[PDB]
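The structure appears below as structure tokens.
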Amino acid sequence: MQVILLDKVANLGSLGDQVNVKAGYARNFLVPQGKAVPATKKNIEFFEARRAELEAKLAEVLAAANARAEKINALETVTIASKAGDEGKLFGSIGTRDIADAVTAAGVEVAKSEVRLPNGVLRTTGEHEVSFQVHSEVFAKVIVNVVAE
Amino acid sequence: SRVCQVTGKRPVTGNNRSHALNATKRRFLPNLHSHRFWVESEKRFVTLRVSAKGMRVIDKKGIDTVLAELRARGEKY
RNA sequence: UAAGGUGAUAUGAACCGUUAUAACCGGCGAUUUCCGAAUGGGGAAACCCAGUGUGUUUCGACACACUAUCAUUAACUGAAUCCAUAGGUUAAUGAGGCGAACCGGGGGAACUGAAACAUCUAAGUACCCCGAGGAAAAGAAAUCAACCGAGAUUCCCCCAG
RNA sequence: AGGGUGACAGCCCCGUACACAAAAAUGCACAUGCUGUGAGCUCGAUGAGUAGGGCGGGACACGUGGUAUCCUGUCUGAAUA
RNA sequence: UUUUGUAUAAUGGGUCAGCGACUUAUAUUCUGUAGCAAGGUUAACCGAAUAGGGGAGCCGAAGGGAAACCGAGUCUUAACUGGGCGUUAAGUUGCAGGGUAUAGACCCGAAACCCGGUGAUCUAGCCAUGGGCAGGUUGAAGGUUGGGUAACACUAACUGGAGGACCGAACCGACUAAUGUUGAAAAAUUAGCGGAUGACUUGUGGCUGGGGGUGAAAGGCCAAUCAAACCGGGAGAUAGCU
RNA sequence: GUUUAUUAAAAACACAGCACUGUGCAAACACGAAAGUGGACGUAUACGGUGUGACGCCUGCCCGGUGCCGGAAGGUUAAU
RNA sequence: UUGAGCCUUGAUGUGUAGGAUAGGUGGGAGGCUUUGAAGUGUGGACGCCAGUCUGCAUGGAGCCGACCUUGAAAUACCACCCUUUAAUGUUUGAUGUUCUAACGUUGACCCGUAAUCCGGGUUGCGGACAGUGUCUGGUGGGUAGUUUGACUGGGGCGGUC
RNA sequence: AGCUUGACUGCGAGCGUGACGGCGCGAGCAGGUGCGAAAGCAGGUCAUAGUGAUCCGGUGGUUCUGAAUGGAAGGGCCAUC
């Protein structure tokens, strides 16, 4: 018997594939409990059809959107002038909150949840880098010069 | 009577032959079993007296097509 | 068609008719008790007992019609259970039983013969059962043939004991 | 032809040969009206638990035999111009 | 008639009259006869239809060999002085007849086997529902009251009415004898005989069916039939026998 | 008590009683192609089969043969 | 829990000439080393206990091909492999426990239904068993069909053919 | 006692004997052989018993057949169980 699964089924299941099974197991258990359907031509073509297509669409859309995000702002530079004092050590330290909306005003619209901070609360006046996680593998690195006003 | 409801298998007749070829009448009987078939399109169990190759042909043709044949030839299920 | 008739044993009585509505012959109608598939329920066949509806200017009793089962179809209802199926009620259509042989199919002997008997024969005969028709069945090559060809089925004469 | 008539009838009677006859109901055959039904053309398809097999039995003139072929009770099982 | 042999006291027949047994079909062989003759003849069928067509076929003119094959020869065998079978003589189609074969096969006759039905109004068992058993004896258990015991046990009188109990009619049966035995009767009569409240008997209805029933068992009974009912059919079974 | 209706009424059959054996209930067993039914609306103190046949005293030895019951090691052993 | 097959891969295999617990074949003379060396402490795998292999490390950076006694060359490199074994993955069978989902239910309850049939529903129990079909061995006078010679101073018994 | 395989193969005039099936005797012809110098003798044993039809089938040989054709299977024929 050549049933097509519809479930996780214990020792043979992978949610819609082809298995060779005994007949008693098929008509007495699998078929009435949901769980399976026999491979009788048209259905196996049709069931496959949408499922195979599904895999192609989701992956491609995700990759493309993320590559596009990585590409965004062409200047790749966000500058900020925050209140400070004499020779370094600024008054109020910026965070990931401040920059998340600052980049919105000058390019990329990335939120607080996707910016990686190796510098922490960034308490230094100099050249800094905020590497974005536009995707799990794609990194969008925008250079930042912090000005001590 | 011992008729398969799918394939229509009556008991037929024959001979016990022996080593001395003595002909005796016998009956060959079908392998009739009373099995309860789930139909998904109706969401019910229709119980039939099938042969054990009426179950083969139900496994191949599907139960719906078979029930359409029984309803077609007036076999009541 | 008609000058004679009212069937026979079977005569009588009482009448009908003779130029056309006597009688006789034919076509189509009408009536067609009761039993019988018998069909409203029952039953020891030719009998017993009903229900429902319609009508009956003495409607305290009558008359008429319908009411079997099954199959198919439709409508209205309808459980365990919600939907639904089973079931129930009504209506429409059809069937049912008989018949001599022929026909197809499902079953299927034995005596007998073998100079015994068991394989074999008798014999797929007798018989039983189902079904159909005026015929049935079969039938339009997944058939033969044989390197040539034939062209569905059925029946008859050979082939050929 | 035949039958009857008081014995054996061509010409006595009924008939026979032959020639005609239907108000009505019908069977068959043409013609025709309506309804249903579908012609013809191009292209495509061209019958699966089936053929075949194992076991048991039956039908084929053919008794399992070296036994083709057909049918199938049981277990299986293709290729598909 | 059957026999070695029948007046035979072996079979058959009372007599008469009527009926009563070698047939029919289809094949094959031989004889007679008729036609044609190295040829004879058609079958189905068409049909002006016993004509005429129809020569499909069959038989004959060529055999030998298992067969290929050869052919007035052939087979055997490595081959035959040889040997086997042929050569050297007319057949064929009707009609009539004698045999033969297949059919009931000259006629009559079994016991029996099988198939389908009808029978439990008789009888056998069982089921249901109603009846029957005059009259007379015997006197169990129990009980009551006395006696008796520690209480029982036990014991006596009275009561009581058990029992496939006793005697005996109806009722059921059938042990003996005689009669009867072409009966009064296809199983009885007469005189005695057994049971007779029970495992009894009986009425009405029902149920069981043929290799089946039922059987307190005899192979008994199942409609005067029973080591396998009756009816109808296979069926004219078969009969080396009369 | 019963039996050969119609030549046998008996010592034969039956019997209470005894024993052996099967049977755990959808019982064994029987009729039935099957469904079902009887066993029994019973349940092992019950039911079926077989023998013996009130009661009394008793019922001895033999398991090699045939059967039955039990065993599973080995030999042989079908379809496949 | 138990066998085989296969893949990768690592081992495995002393007439005797002889430094060699070397099977064949075969292209080839550099492999080899600091992606941290020979030799050794030591345990284990292996054992015809002859002598391989080898985790870590003191040590510390070299070891060796044609050469040579051989039927053969040096698993120093490699390829294809026979025997024998080691680990993994994988491919299937076997057995036992456990499970619920087929089937059985002559358990209980509900419904068709004013019904100890039947069917359907809920649930309990049993459950791949039982049961039935085809095939097959055994048993099988429970039943059926039959056979059971002739001669013979009647037949049987004896004898004979 | 020496040497040997005639305990040959194909045939067979003619006879005997049986109802038949069958059985028996056989000079001679051909091929090849043994013994003998040779004439010759040898197709089992001094003779008469020592046996079993047909069917079915087994083994060896032989294209004789071989259901389209080439083979083969099966059959035939010869030997034989």
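Chains: A, B, ... in order of the structure tokens. Residues: from 1 per chain. Ligands: from 1, in order shown.
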
Tell me, counting only C-alpha atoms (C1' of nucleotides), for each residue of chain A within 7 Å of chain G, which pair of atoms is nearest and how far apart they are in Å to one decimal, in rows ordered by chain and increasing number, as a tab-separated table.
```
residue	atom	partner	partner_atom	distance
A:24	CA	G:102	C1'	7.0
A:28	CA	G:102	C1'	5.4
A:29	CA	G:101	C1'	5.1
```

Give me, as a PyMOL selection string, all polymer residues having an atom no more than 12 Å from region 33-40 of chain B, counting only C-alpha atoms (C1' of nucleotides) and skipping those fewer than 3 positions away in the same chain. (chain A and resi 24+26-34+36-37) or (chain B and resi 2-6+29-30+43-55+58-59+62-68+77) or (chain G and resi 102-104+131-133)

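Note that DSSP on the backbone gives strand (DSSP E) to these residues of region 96-141 of chain A: residues 115, 116, 127, 128, 129, 130, 131, 132, 140 and 141 of chain A.
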
Test item: residues at most 12 Å from residue 9 (chain H), only C-alpha atoms (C1' of nucleotides), excluding those fewer than 3 positions along its chain, as a PDB file with N, CA and C atoms (P, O5', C5', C4', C3', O3' and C1' of nucleotides), in the first residue's frame:
```pdb
ATOM      1  P     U E  77      16.366 -53.272 -41.708  1.00  0.00           P
ATOM      2  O5'   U E  77      17.892 -53.664 -41.891  1.00  0.00           O
ATOM      3  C5'   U E  77      18.376 -54.972 -41.581  1.00  0.00           C
ATOM      4  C4'   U E  77      19.298 -55.440 -42.662  1.00  0.00           C
ATOM      5  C3'   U E  77      20.284 -54.417 -43.201  1.00  0.00           C
ATOM      6  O3'   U E  77      21.375 -54.192 -42.343  1.00  0.00           O
ATOM      7  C1'   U E  77      19.290 -55.633 -44.989  1.00  0.00           C
ATOM      8  P     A E  78      22.002 -52.753 -42.209  1.00  0.00           P
ATOM      9  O5'   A E  78      22.568 -52.428 -43.671  1.00  0.00           O
ATOM     10  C5'   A E  78      23.510 -51.353 -43.886  1.00  0.00           C
ATOM     11  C4'   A E  78      24.392 -51.644 -45.091  1.00  0.00           C
ATOM     12  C3'   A E  78      23.724 -52.390 -46.241  1.00  0.00           C
ATOM     13  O3'   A E  78      23.022 -51.505 -47.107  1.00  0.00           O
ATOM     14  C1'   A E  78      25.802 -53.418 -45.739  1.00  0.00           C
TER      15        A E  78
ATOM     16  P     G H   6      32.001 -65.113 -31.753  1.00  0.00           P
ATOM     17  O5'   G H   6      31.052 -66.330 -32.085  1.00  0.00           O
ATOM     18  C5'   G H   6      30.016 -66.676 -31.146  1.00  0.00           C
ATOM     19  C4'   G H   6      29.467 -68.041 -31.439  1.00  0.00           C
ATOM     20  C3'   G H   6      30.431 -69.177 -31.202  1.00  0.00           C
ATOM     21  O3'   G H   6      29.708 -70.294 -30.699  1.00  0.00           O
ATOM     22  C1'   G H   6      29.646 -69.242 -33.431  1.00  0.00           C
ATOM     23  P     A H  30      27.591 -66.990 -50.099  1.00  0.00           P
ATOM     24  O5'   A H  30      27.362 -65.571 -49.443  1.00  0.00           O
ATOM     25  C5'   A H  30      27.038 -64.447 -50.277  1.00  0.00           C
ATOM     26  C4'   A H  30      26.723 -63.261 -49.411  1.00  0.00           C
ATOM     27  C3'   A H  30      27.802 -62.842 -48.438  1.00  0.00           C
ATOM     28  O3'   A H  30      28.840 -62.092 -49.064  1.00  0.00           O
ATOM     29  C1'   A H  30      25.742 -62.839 -47.327  1.00  0.00           C
ATOM     30  P     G H  31      30.326 -62.257 -48.539  1.00  0.00           P
ATOM     31  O5'   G H  31      30.342 -61.459 -47.155  1.00  0.00           O
ATOM     32  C5'   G H  31      30.114 -60.045 -47.150  1.00  0.00           C
ATOM     33  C4'   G H  31      30.019 -59.531 -45.745  1.00  0.00           C
ATOM     34  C3'   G H  31      31.169 -59.868 -44.816  1.00  0.00           C
ATOM     35  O3'   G H  31      32.257 -58.954 -44.964  1.00  0.00           O
ATOM     36  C1'   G H  31      29.123 -60.238 -43.702  1.00  0.00           C
ATOM     37  P     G H  32      33.720 -59.470 -44.867  1.00  0.00           P
ATOM     38  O5'   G H  32      33.891 -59.883 -43.340  1.00  0.00           O
ATOM     39  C5'   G H  32      34.382 -58.959 -42.375  1.00  0.00           C
ATOM     40  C4'   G H  32      34.068 -59.426 -40.982  1.00  0.00           C
ATOM     41  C3'   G H  32      34.918 -60.546 -40.424  1.00  0.00           C
ATOM     42  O3'   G H  32      36.214 -60.229 -39.971  1.00  0.00           O
ATOM     43  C1'   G H  32      32.677 -61.047 -40.022  1.00  0.00           C
ATOM     44  P     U H  33      37.350 -61.389 -40.066  1.00  0.00           P
ATOM     45  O5'   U H  33      36.978 -62.433 -38.928  1.00  0.00           O
ATOM     46  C5'   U H  33      37.158 -62.039 -37.564  1.00  0.00           C
ATOM     47  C4'   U H  33      36.561 -63.027 -36.581  1.00  0.00           C
ATOM     48  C3'   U H  33      37.362 -64.265 -36.315  1.00  0.00           C
ATOM     49  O3'   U H  33      38.499 -64.113 -35.490  1.00  0.00           O
ATOM     50  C1'   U H  33      35.112 -64.857 -36.519  1.00  0.00           C
ATOM     51  P     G H  43      25.901 -73.580 -34.513  1.00  0.00           P
ATOM     52  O5'   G H  43      26.032 -72.008 -34.344  1.00  0.00           O
ATOM     53  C5'   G H  43      25.911 -71.401 -33.042  1.00  0.00           C
ATOM     54  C4'   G H  43      24.849 -70.321 -32.998  1.00  0.00           C
ATOM     55  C3'   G H  43      23.444 -70.852 -33.187  1.00  0.00           C
ATOM     56  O3'   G H  43      22.519 -70.125 -32.399  1.00  0.00           O
ATOM     57  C1'   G H  43      23.911 -69.206 -34.863  1.00  0.00           C
TER      58        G H  43
END
```

Quick check for you: according to DSSP on this backbone, which residues of chain B are classed as alpha helix (DSSP H)? Reply as a list in words.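 Matching residues, listed in order: residues 54, 55, 56, 57, 58, 59, 60, 61, 63, 64, 65, 66, 67, 68, 69, 70, 71 and 72 of chain B.
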
Output file for the selection above: C-alpha atoms, as a short mmCIF file (atom, residue, chain, number, x, y, z; two decimals), in the first residue's frame:
```
data_model
loop_
_atom_site.label_atom_id
_atom_site.label_comp_id
_atom_site.auth_asym_id
_atom_site.auth_seq_id
_atom_site.Cartn_x
_atom_site.Cartn_y
_atom_site.Cartn_z
CA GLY B 54 -13.43 -7.44 -2.67
CA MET B 55 -11.10 -5.71 -0.25
CA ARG B 56 -8.36 -5.67 -2.85
CA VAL B 57 -10.64 -3.99 -5.34
CA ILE B 58 -11.85 -1.57 -2.69
CA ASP B 59 -8.21 -0.78 -1.90
CA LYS B 60 -7.58 -0.11 -5.59
CA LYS B 61 -10.84 1.44 -6.87
CA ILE B 63 -14.75 2.72 -1.50
CA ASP B 64 -16.77 5.53 -3.14
CA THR B 65 -16.55 4.08 -6.63
CA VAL B 66 -17.50 0.66 -5.32
CA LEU B 67 -20.54 2.03 -3.47
CA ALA B 68 -21.51 3.86 -6.66
CA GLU B 69 -21.45 0.46 -8.44
CA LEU B 70 -23.59 -1.20 -5.74
CA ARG B 71 -26.07 1.67 -5.80
CA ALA B 72 -25.92 1.41 -9.62
#
```
